[PDB]
Amino acid sequence: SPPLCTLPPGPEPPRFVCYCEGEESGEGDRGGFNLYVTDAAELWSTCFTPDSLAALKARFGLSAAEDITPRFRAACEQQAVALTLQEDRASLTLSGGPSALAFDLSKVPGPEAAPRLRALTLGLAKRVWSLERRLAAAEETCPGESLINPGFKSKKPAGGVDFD
Amino acid sequence: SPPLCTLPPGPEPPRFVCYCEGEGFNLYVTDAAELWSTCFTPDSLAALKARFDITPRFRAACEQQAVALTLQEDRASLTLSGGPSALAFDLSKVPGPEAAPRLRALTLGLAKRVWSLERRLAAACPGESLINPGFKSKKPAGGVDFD
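Under the annotation held in the PDB entry, chain B carries the name Protein PAXX and is attributed to Homo sapiens. Regarding chain B, the relevant UniProt record gives this comment under Sequence similarities: "Belongs to the XRCC4-XLF family. PAXX subfamily."

For chain A, the name recorded in the PDB entry is Protein PAXX, with Homo sapiens as its organism. You can read under Sequence similarities in the UniProt record for chain A the words "Belongs to the XRCC4-XLF family. PAXX subfamily."

Summed over the entire model, instances satisfying the criterion amount to 10 salt bridges over all chains. The network of salt bridges with common partners includes A:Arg73, A:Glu77, A:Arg127 and B:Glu118.

Mapped onto this numbering, the UniProt entry gives "domain: PISA" at residues 33–75 of chain A. For the annotated span residues 33–75 of chain A, helix accounts for 42% and strand for 21% of the residues, and the straight-line distance between the end C-alpha atoms is 18 Å.

Here the residue pair A:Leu7 and A:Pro8 is connected by a cis peptide bond, since its omega of 0° sits within 30 degrees of zero. For A:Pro8, the position within the fold is in the loop between β1 (4–7) and β2 (16–22). Non-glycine residue B:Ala32 carries a positive phi angle of around 70°. Take B:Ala32: it is sitting in the loop between β3 (26–30) and β4 (35–37).

With that out of the way, let us pick up the interface of chain A and chain B. Of the residues lining the interface, 34 residues belong to chain A; the matching set on chain B comes to 23 residues. Carbon and sulfur atoms make up 75% of the surface buried where chain A meets chain B, a total of about 2600 Å² over both sides. Connecting chain A to chain B are 2 salt bridges. In this structure, A:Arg73 engages B:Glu118 in a salt bridge whose closest nitrogen and oxygen atoms are separated by 2.8 Å.

So, on to the pairing of strand β7 (residues 101–107) of chain A. A regular strand places its side chains on the two faces of the sheet in alternate fashion. All names here are of chain A. For strand β4 (residues 43–45) and β7, the ladder comprises 2 bridges, and the chain directions are antiparallel. Along β7, the bridge assignment pairs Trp-44 with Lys-107. Examined bridge by bridge, strand β6 (residues 90–94) and β7 share 5 bridges and lie antiparallel to one another. When the bridges of β7 are listed, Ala-90 appears paired with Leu-105.

Once that is clear, we can look at the packing of aromatic side chains. The tally for this structure, following the rule as stated, stands at 5 aromatic pairs over all chains. Ring centres of A:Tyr19 and A:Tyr36 lie 6.2 Å apart, and the angle between their planes is 85°; on these two criteria the pair is classed as edge-to-face. Here A:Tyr19, found in strand β2, pairs with A:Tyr36, found in strand β3 (residues 33–38); they are 17 residues apart in sequence, far enough to count as distant. When its relative accessible area of 4% is taken as the criterion, A:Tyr19 is described as buried. Owing to a relative accessible area of 15%, A:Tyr36 belongs among the buried residues under this scheme. Plain terms: the ring middles of B:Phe52 and B:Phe89 are 5.8 Å apart, the flat faces sit at 80° to each other, and that makes the pair edge-to-face. Take B:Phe52: its relative accessible area is 16%, and that puts it in the buried class. With relative accessibility at 8%, the residue B:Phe89 sits in the buried group.

Let's shift gears to the sheet that holds β4(B). Strands pair in a sheet through their backbones, by hydrogen bonds, and they do so in one of two ways: parallel or antiparallel. Here 7 strands make up an open sheet; going across it, the order is β1-β2-β3-β4-β7-β6-β5 (chain B) and the pairing antiparallel. Both outer strands of the open sheet, β1 (4–7) and β5 (67–71) of chain B, are each paired with one neighbouring strand and no more. This sheet shows a mean twist of 25° between the axes of neighbouring strands, independent of strand direction. The sheet contact formed by strand β2 (residues 16–21) of chain B and β3(B) spans 5 bridges and is antiparallel. Looking at the pairing, B:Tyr19 lines up with B:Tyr28 of β3(B). Of the strands in this sheet, β1 and β2 of chain B touch helix α3 (residues 110–140) of chain A, which is tilted by about 115° from β1(B). Where helix α3 (residues 96–122) of chain B meets the sheet, it contacts β1, β2, β3 and β4 of chain B, and its direction lies at approximately 100° from that of β4(B).

Definitions and limits used
Residues numbered from 1 in each chain as written, not as in the entry; some residues may be left out. Chains lettered and ligands numbered in written order. Part of a larger assembly, values for the part shown. Heavy atoms only, no water. UniProt positions renumbered as here; feature names shortened; annotations may be inferred. Salt bridge = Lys/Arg side-chain N within 4 Å of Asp/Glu carboxyl O. Helix = DSSP H or I, 4+ residues; strand = E, 2+ residues; numbered from the N terminus. Contact = heavy atoms within 4.5 Å. Buried area = accessible area lost by both parts, 1.4 Å probe. Pairing = 2+ DSSP bridges. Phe/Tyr/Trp six-rings, centres within 6.5 Å; stacked < 30°, edge-to-face > 60°. Buried < 20%, exposed > 50% of the residue type's maximum accessible area, 1.4 Å probe, protein only. Axes fitted to C-alpha atoms, helices over the stretch in contact; angles between N-to-C directions.

Given below as structure tokens:
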């Protein structure tokens, strides 16, 4: 269950989304490590390489035993995600833990942003579909006219005075 | 929270998404690249809601996973079964300029719903002969011993 978040944080109507993909363990194989930020109009990807990632985690003081996805999940829980964009290049700050980590995001071509967007639409669809029952399990457990001259009011006989 | 369903709802990788918003009221089925919308007129909307509100019925159908889809390359017909009787809706393609803000808004809404749902789930020289540098530190001969 890869974490994700939307900015601005909280229940405020957001404009951006940040997420991660892959990270499958157990019977399956360890996939890639990609964190994408998009606003349904322009995607941004890490486009990192294993040597670049190793150098980045060595310079910032991390080791190979600390995965970044749990830190992203903790920041999502604490709402500690920030995005800075200059014109098309984004840098996300992850301040969930004691030290704020900085990650650099590059531009994404359209022929990759659009397929990613149309895959992520169904991705979030199935995610929310599963999370519905997940939260359920977690929380729950002529009349009026004289016939002689129709068009003239029907006449009743005179009665006069009758004491009661 | 407005209801939503994934077609098919099984463990198979989903392909189609259906949603409602507004309660001209329209029903949207999005393949993330193409959108089918009712675009019904107010008189037609009144006639359809009289013959069958639709949001509670749609929500019940989503919970019961009773939404049927029939599509032929331009046309969408939905069988909604969440109320007293089955609901039949006719949907057609919407232009791309109309769907682009719609798809952006639905993407943002899905993302924020997922984040809110996750939040609610959370709250629940060595070796060298120095005399001649460049040569191994010699060992004086020892001969034979007894072991």
